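*Asks:* Hey, dropping entry01.txt in here, compact mmCIF, C-alpha atoms:
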```
# COMPACT_ATOMS: atom_id res chain seq x y z
CA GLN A 1 -166.29 57.92 -16.05
CA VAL A 2 -163.42 59.67 -17.81
CA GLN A 3 -160.12 59.44 -15.94
CA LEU A 4 -156.42 59.86 -16.67
CA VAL A 5 -153.62 57.54 -15.53
CA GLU A 6 -150.08 58.91 -15.67
CA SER A 7 -146.66 57.26 -15.67
CA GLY A 8 -144.41 56.65 -12.68
CA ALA A 9 -142.10 59.13 -10.99
CA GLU A 10 -138.91 60.05 -12.85
CA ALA A 11 -135.49 61.39 -11.85
CA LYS A 12 -133.29 62.74 -14.63
CA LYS A 13 -129.90 64.44 -14.87
CA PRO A 14 -129.78 68.06 -16.10
CA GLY A 15 -129.84 68.76 -19.82
CA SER A 16 -131.61 65.50 -20.72
CA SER A 17 -135.16 64.77 -21.90
CA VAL A 18 -138.11 63.45 -19.88
CA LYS A 19 -141.23 61.94 -21.48
CA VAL A 20 -144.41 61.54 -19.42
CA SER A 21 -147.45 59.50 -20.45
CA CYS A 22 -151.18 59.97 -19.84
CA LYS A 23 -153.75 57.29 -20.74
CA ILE A 24 -157.47 58.09 -20.89
CA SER A 25 -160.15 55.69 -19.62
CA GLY A 26 -163.87 56.02 -20.26
CA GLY A 27 -163.52 58.36 -23.24
CA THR A 28 -162.03 58.83 -26.68
CA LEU A 29 -158.89 60.85 -27.35
CA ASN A 30 -160.75 62.78 -30.07
CA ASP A 31 -163.45 63.64 -27.52
CA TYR A 32 -161.05 65.00 -24.88
CA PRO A 33 -158.19 67.39 -25.70
CA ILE A 34 -155.47 67.04 -23.07
CA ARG A 35 -153.89 69.98 -21.25
CA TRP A 36 -150.46 69.71 -19.59
CA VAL A 37 -149.92 71.74 -16.40
CA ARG A 38 -147.16 71.68 -13.80
CA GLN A 39 -146.33 72.99 -10.35
CA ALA A 40 -143.02 73.16 -8.53
CA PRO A 41 -143.14 72.03 -4.88
CA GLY A 42 -144.58 74.80 -2.73
CA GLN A 43 -145.42 76.99 -5.74
CA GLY A 44 -148.63 77.44 -7.69
CA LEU A 45 -149.72 75.76 -10.89
CA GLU A 46 -148.19 76.72 -14.25
CA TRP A 47 -149.95 76.22 -17.58
CA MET A 48 -147.57 74.43 -19.95
CA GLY A 49 -149.54 73.52 -23.05
CA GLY A 50 -152.19 71.41 -24.68
CA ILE A 51 -152.95 68.92 -27.44
CA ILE A 52 -156.11 68.58 -29.56
CA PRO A 53 -155.83 65.13 -31.20
CA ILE A 54 -159.03 65.46 -33.24
CA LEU A 55 -157.45 68.40 -35.07
CA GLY A 56 -154.02 66.77 -34.85
CA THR A 57 -152.71 69.99 -33.31
CA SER A 58 -150.77 71.08 -30.25
CA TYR A 59 -149.60 74.29 -28.60
CA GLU A 60 -147.26 75.38 -25.82
CA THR A 61 -146.88 78.59 -23.85
CA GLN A 62 -144.06 80.98 -24.70
CA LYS A 63 -141.95 79.71 -21.78
CA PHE A 64 -141.96 76.18 -23.26
CA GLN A 65 -141.75 76.65 -27.04
CA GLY A 66 -138.72 74.81 -28.39
CA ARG A 67 -138.41 72.55 -25.33
CA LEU A 68 -141.88 70.97 -24.97
CA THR A 69 -143.24 68.42 -27.47
CA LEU A 70 -146.78 67.04 -27.21
CA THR A 71 -147.76 63.91 -29.14
CA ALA A 72 -150.73 61.55 -29.27
CA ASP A 73 -151.17 57.84 -29.96
CA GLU A 74 -154.79 56.98 -30.73
CA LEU A 75 -154.56 53.17 -30.89
CA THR A 76 -153.22 53.02 -27.32
CA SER A 77 -155.41 56.01 -26.28
CA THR A 78 -152.38 57.82 -24.86
CA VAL A 79 -150.84 61.30 -24.87
CA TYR A 80 -147.13 61.94 -24.31
CA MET A 81 -145.30 65.10 -23.33
CA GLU A 82 -141.54 65.52 -23.65
CA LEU A 83 -139.50 68.26 -21.98
CA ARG A 84 -135.87 68.87 -22.94
CA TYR A 85 -132.95 71.04 -21.77
CA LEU A 86 -133.82 70.41 -18.13
CA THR A 87 -132.90 72.82 -15.33
CA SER A 88 -133.20 72.91 -11.54
CA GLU A 89 -136.39 74.97 -12.03
CA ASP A 90 -137.96 72.12 -14.06
CA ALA A 91 -138.29 69.60 -11.21
CA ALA A 92 -141.99 69.60 -10.37
CA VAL A 93 -145.24 67.64 -10.43
CA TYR A 94 -146.78 67.34 -13.90
CA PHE A 95 -150.51 66.86 -14.51
CA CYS A 96 -152.59 65.98 -17.55
CA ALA A 97 -156.14 67.32 -17.35
CA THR A 98 -159.32 67.54 -19.42
CA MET A 99 -162.94 68.70 -19.19
CA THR A 100 -166.30 66.98 -19.51
CA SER A 101 -168.32 69.79 -21.15
CA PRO A 102 -167.75 72.60 -23.67
CA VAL A 103 -169.04 75.18 -21.18
CA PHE A 104 -165.80 74.95 -19.17
CA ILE A 105 -163.62 76.23 -22.06
CA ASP A 106 -160.47 75.79 -19.95
CA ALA A 107 -161.85 74.96 -16.49
CA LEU A 108 -160.23 71.56 -16.02
CA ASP A 109 -162.72 68.94 -14.82
CA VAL A 110 -160.82 65.61 -14.75
CA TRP A 111 -157.17 65.30 -13.75
CA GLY A 112 -154.43 62.71 -13.82
CA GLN A 113 -152.80 61.35 -10.69
CA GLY A 114 -149.70 63.47 -11.35
CA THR A 115 -146.08 62.57 -12.08
CA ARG A 116 -143.09 63.77 -10.05
CA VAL A 117 -140.00 64.78 -12.05
CA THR A 118 -136.72 65.36 -10.20
CA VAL A 119 -134.05 67.34 -12.05
CA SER A 120 -131.08 65.72 -10.33
CA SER A 121 -127.39 66.48 -9.91
CA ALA A 122 -126.27 62.95 -8.94
CA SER A 123 -127.59 59.37 -8.86
CA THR A 124 -128.62 56.80 -6.23
CA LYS A 125 -126.56 57.77 -3.19
CA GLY A 126 -127.00 56.75 0.44
CA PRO A 127 -127.58 58.91 3.53
CA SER A 128 -125.62 59.53 6.73
CA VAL A 129 -126.98 59.03 10.26
CA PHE A 130 -125.96 60.75 13.51
CA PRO A 131 -127.48 60.67 17.03
CA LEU A 132 -127.97 63.38 19.67
CA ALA A 133 -126.53 64.07 23.13
CA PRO A 134 -127.96 65.24 26.49
CA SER A 135 -129.03 68.87 25.95
CA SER A 136 -130.41 70.24 29.22
CA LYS A 137 -132.88 67.87 30.90
CA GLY A 142 -141.48 67.76 32.20
CA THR A 143 -140.93 65.39 29.29
CA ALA A 144 -137.86 65.00 27.05
CA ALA A 145 -137.42 64.86 23.28
CA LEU A 146 -134.53 63.26 21.39
CA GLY A 147 -133.81 62.87 17.70
CA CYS A 148 -131.79 61.11 15.01
CA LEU A 149 -130.30 63.39 12.35
CA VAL A 150 -130.07 62.23 8.72
CA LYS A 151 -128.25 63.74 5.74
CA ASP A 152 -127.48 63.43 2.02
CA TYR A 153 -130.70 62.29 0.39
CA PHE A 154 -131.31 61.76 -3.30
CA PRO A 155 -133.54 58.92 -4.62
CA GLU A 156 -136.86 60.56 -3.57
CA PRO A 157 -138.33 60.62 -0.03
CA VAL A 158 -138.05 57.09 1.31
CA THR A 159 -139.67 54.75 3.83
CA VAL A 160 -138.30 51.66 5.58
CA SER A 161 -139.54 49.73 8.63
CA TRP A 162 -137.67 47.22 10.80
CA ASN A 163 -138.15 46.72 14.56
CA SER A 164 -140.58 49.66 14.27
CA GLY A 165 -143.95 49.88 15.99
CA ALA A 166 -147.74 50.06 15.77
CA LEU A 167 -150.16 53.03 15.59
CA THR A 168 -149.49 56.34 17.41
CA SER A 169 -146.22 56.57 19.38
CA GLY A 170 -145.88 59.94 17.65
CA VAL A 171 -145.80 60.85 13.97
CA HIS A 172 -142.62 60.76 11.86
CA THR A 173 -143.03 62.44 8.45
CA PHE A 174 -140.45 65.19 8.82
CA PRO A 175 -139.78 67.65 5.99
CA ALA A 176 -136.51 66.48 4.32
CA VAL A 177 -135.50 69.89 2.95
CA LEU A 178 -132.62 70.40 0.51
CA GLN A 179 -129.26 72.13 1.00
CA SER A 180 -126.96 74.27 -1.13
CA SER A 181 -124.93 71.09 -1.82
CA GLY A 182 -127.78 69.45 -3.74
CA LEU A 183 -128.39 66.93 -0.94
CA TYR A 184 -131.49 66.87 1.24
CA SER A 185 -131.52 66.32 5.01
CA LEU A 186 -134.34 65.73 7.49
CA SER A 187 -134.68 65.48 11.26
CA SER A 188 -136.99 63.55 13.62
CA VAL A 189 -138.22 63.91 17.20
CA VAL A 190 -139.44 61.25 19.63
CA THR A 191 -140.72 62.61 22.94
CA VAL A 192 -141.30 60.63 26.14
CA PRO A 193 -141.62 61.26 29.90
CA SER A 194 -138.12 62.01 31.18
CA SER A 195 -138.08 59.14 33.70
CA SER A 196 -137.87 56.51 30.94
CA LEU A 197 -134.64 58.26 29.93
CA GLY A 198 -132.94 56.23 32.67
CA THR A 199 -134.22 52.77 31.71
CA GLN A 200 -135.61 52.67 28.14
CA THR A 201 -133.49 52.20 25.02
CA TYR A 202 -134.19 54.47 22.04
CA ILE A 203 -133.60 52.57 18.79
CA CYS A 204 -134.74 54.83 15.94
CA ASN A 205 -135.20 53.87 12.32
CA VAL A 206 -133.63 56.06 9.64
CA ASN A 207 -134.63 56.40 5.99
CA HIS A 208 -132.22 54.81 3.50
CA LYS A 209 -131.96 56.26 0.05
CA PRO A 210 -132.45 53.73 -2.82
CA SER A 211 -135.66 52.03 -1.57
CA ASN A 212 -134.61 48.61 -0.23
CA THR A 213 -132.02 49.22 2.52
CA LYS A 214 -132.04 50.50 6.09
CA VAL A 215 -130.19 52.21 8.93
CA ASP A 216 -130.97 51.83 12.63
CA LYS A 217 -129.46 53.89 15.44
CA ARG A 218 -129.47 53.44 19.21
CA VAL A 219 -129.22 56.63 21.28
CA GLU A 220 -127.21 56.30 24.50
CA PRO A 221 -126.22 59.56 26.33
CA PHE B 137 -202.54 74.69 -54.47
CA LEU B 138 -203.00 77.13 -51.62
CA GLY B 139 -199.35 78.28 -51.61
CA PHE B 140 -200.24 81.87 -52.54
CA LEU B 141 -201.87 82.25 -49.10
CA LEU B 142 -198.56 81.57 -47.33
CA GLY B 143 -196.61 84.33 -45.63
CA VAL B 144 -193.14 85.66 -46.39
CA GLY B 145 -190.36 85.01 -43.88
CA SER B 146 -186.62 85.63 -43.77
CA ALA B 147 -184.82 82.30 -43.65
CA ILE B 148 -181.39 83.37 -42.40
CA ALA B 149 -182.48 86.38 -40.35
CA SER B 150 -181.31 84.75 -37.10
CA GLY B 151 -178.00 83.66 -38.62
CA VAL B 152 -177.34 87.09 -40.12
CA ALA B 153 -177.99 88.60 -36.69
CA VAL B 154 -175.28 86.35 -35.22
CA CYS B 155 -172.93 87.38 -38.03
CA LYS B 156 -173.52 91.05 -37.21
CA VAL B 157 -172.91 90.37 -33.50
CA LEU B 158 -169.65 88.63 -34.42
CA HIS B 159 -168.35 91.84 -36.04
CA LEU B 160 -168.43 93.74 -32.74
CA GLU B 161 -165.16 94.63 -31.04
CA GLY B 162 -163.56 91.73 -29.16
CA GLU B 163 -166.06 89.09 -30.32
CA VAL B 164 -163.61 87.31 -32.63
CA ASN B 165 -160.88 87.54 -29.98
CA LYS B 166 -163.26 85.96 -27.46
CA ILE B 167 -163.90 83.04 -29.84
CA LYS B 168 -160.20 82.65 -30.67
CA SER B 169 -159.21 82.53 -26.99
CA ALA B 170 -162.07 80.13 -26.18
CA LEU B 171 -160.95 77.74 -28.94
CA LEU B 172 -157.33 77.54 -27.71
CA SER B 173 -157.20 74.18 -25.91
CA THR B 174 -160.24 72.54 -27.54
CA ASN B 175 -162.10 72.29 -30.83
CA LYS B 176 -165.52 72.86 -29.22
CA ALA B 177 -166.59 75.39 -26.59
CA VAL B 178 -169.59 77.49 -25.55
CA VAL B 179 -169.16 81.25 -25.93
CA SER B 180 -171.40 84.02 -24.59
CA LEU B 181 -171.53 86.92 -27.04
CA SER B 182 -171.93 90.61 -26.19
CA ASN B 183 -175.72 90.40 -26.67
CA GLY B 184 -176.14 87.68 -24.02
CA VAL B 185 -176.57 84.70 -26.37
CA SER B 186 -174.54 81.54 -25.75
CA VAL B 187 -173.53 79.80 -28.99
CA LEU B 188 -171.60 76.59 -29.55
```
Re-express the file's structure as structure tokens.
*Replies:*
Amino acid sequence: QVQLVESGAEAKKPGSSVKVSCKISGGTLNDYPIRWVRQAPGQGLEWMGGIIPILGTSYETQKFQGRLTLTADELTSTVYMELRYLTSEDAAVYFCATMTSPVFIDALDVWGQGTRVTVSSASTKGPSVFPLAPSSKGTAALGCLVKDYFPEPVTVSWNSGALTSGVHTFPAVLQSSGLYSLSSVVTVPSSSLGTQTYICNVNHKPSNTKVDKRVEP
Amino acid sequence: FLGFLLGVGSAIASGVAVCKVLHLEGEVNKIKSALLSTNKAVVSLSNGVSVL
């Protein structure tokens, strides 16, 4: 079964070069020309280019000529793309894809796992955490506000819990300052407001670090 | 040798027919676009025949 395995997620500063890999399993590079496609978060797919190793040729769309370079390495059965002169509109998910039959022409049959590329404006930088206050008063919902993301959406668990107890995968949208910020809501019957302590976890930015916050009115 | 009793065919009649079909408007453009991301594709010509 032909499949494509891509490289890990990358975060790069503007104006630099990013190089993404794609290794083919179950098939020869000469038997499977590789197409490079991308999509920005929320937007549709965008055809970038393609490489035909058996002809030793490559092509890119007009929007990517001069910035996109496609190369192949047959002994490691790998294809590399390299994008240069990065811009805020170049942070996206990048896919390498192929097809299993000549009838598809350009209907892409097999796809890579994808690679996330973040055109940054900073480096590893921690968040800020702030609780809520009594708002008005059936049940009651309280939250723990977070700010100033950067090193990719993050997860961290300490003193946390088991299944259910709500879901916490809130959006983490960006700001005009180039720094994301998400919210969170935990809801409970209002009576437990008078006796139960609300210690909420908060995402920390690098990967291995944490913030916890107790909410007391 | 009974070779004088054989018929007379046209060896490349089918191939010449495909050549003539290829001269129709848009046929070469169809092939060029089909062979953009790959070296090998199946193309349906204007006369309904699919050729590698």
*Asks:* Got a sec to pull out which chain B residues are within 9 Å of chain A, counting all atoms listed in the file, and send them as a ChimeraX atom specification?
*Replies:* /B:170-179,188
*Asks:* In terms of the shortest atom-to-atom distance over only C-alpha atoms, which of B:187, B:141, B:146, B:181 is closest to residue 160 in chain B?
*Replies:*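 For residue 160 in chain B, the nearest of the given residues is B:181.
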*Asks:* Each side padded by 6 Å, which centre and which edge lengths in Å (one decimal) define the axis-aligned box around the listed atoms of range 54-63 of chain A? Give them as AutoDock Vina command-line options.
*Replies:*
```
--center_x -150.5 --center_y 73.2 --center_z -28.4 --size_x 29.1 --size_y 27.5 --size_z 25.3
```
*Asks:* Tell me which of A:28, A:121, A:173, A:115 sits closest to residue 9 in chain A, counting all atoms listed in the file.
*Replies:*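 Smallest distance to residue 9 in chain A is found for A:115.
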*Asks:* Would you mind telling me which residue in A:162, A:120, A:132, A:178 lies nearest to residue 218 in chain A when using all atoms listed in the file?
*Replies:*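 Of all the options, A:132 lies closest to residue 218 in chain A.
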*Asks:* List the neighbours of residue 158 in chain B out to 12 Å using all atoms listed in the file; skip same-chain residues closer than 3 positions along the sequence, and give me the result as JSON, numbers by chain.
*Replies:* {"B": [151, 152, 153, 154, 155, 161, 162, 163, 164, 165, 166, 167, 168, 179, 180, 181, 182, 183, 185, 187]}
